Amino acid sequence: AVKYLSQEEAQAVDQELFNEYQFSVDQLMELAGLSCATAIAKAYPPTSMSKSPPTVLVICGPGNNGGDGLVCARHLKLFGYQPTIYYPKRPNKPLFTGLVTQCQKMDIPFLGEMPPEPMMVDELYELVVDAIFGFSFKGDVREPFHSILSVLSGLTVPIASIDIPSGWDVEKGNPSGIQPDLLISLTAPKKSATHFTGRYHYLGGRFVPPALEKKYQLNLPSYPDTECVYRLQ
């Protein structure tokens, strides 16, 4: 029975990965990101899609979720998707700088603004990746995010959330939030992930050292062969 994490649990575990075990943020983000694009490509394969190539909106927030998001975009390009990225609040740090520019020399479009009504989103993108807020977030959804979140939960087309449905109280979830169709739990799943309603819940981040796994008695599922994602249930 794979454990779902308290907010403090996760941040400590995260803590070790950078502290004791010395994974750089570069490293794990790439894999977080790779896991994401993997999950998505599996969930919703291009063959099974309605356009060639299949369009996806990646909506990246200001912290790390954004990061994973950007990686994910780029791998999904590689995987055959035609992503567009909207990245409103960008911190001025080489990491995020780097990932942006990577995406840019992938001929990945960035949008300067969110289209205002969900119907136009639905019309321009087959899948929306929610890269806004992750575990460590603690309410106070400032603009423009409230406004995007607002649009998002109006969509017909499905949303893929990275780690957390943005704006779900990380433990509470949110009865009235956005209800994404795929939730890629990274590292371990989060208490909120029990409120998850949709059709795909992959786990990702094949990097937990078994010592860490036995520490925070995670009972991780065995990933198959060489995969970096596992479907749940």
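In this text, the rigid core denotes the largest set of C-alpha atoms whose superposition between the two forms falls within 1.5 Å. Each residue number is its position in the shown sequence, starting from 1.
The rigid core fit leaves 137-145 as the farther-lying stretch in 6 other deposited structures of this protein, judged by Cα positions and set against 137-145 and 151-159. Just going by the entry, 12-20 versus 218-226 on mean CA temperature factor gives the higher value to 12-20. Mean C-alpha B-factor is higher over 170-178 than over the other stretch, the pair under comparison being 38-46 and 170-178.
Going by the entry's values, 139 shows the largest Cα B-factor out of 154, 83, 139, 80. Sort the chain's modelled residues by C-alpha temperature factor and residue 118 lands in the middle third, per the entry.
The deposited CA B-factor of residue 199 belongs to the middle third of values across its chain.
Among all modelled residues in its chain, residue 89 ranks in the highest third by Cα B-factor. Compared with the other modelled residues of the chain, the Cα B-factor recorded for residue 130 ranks in the lowest third. For residue 55, the recorded CA temperature factor ranks within the lowest third of the chain's modelled residues.
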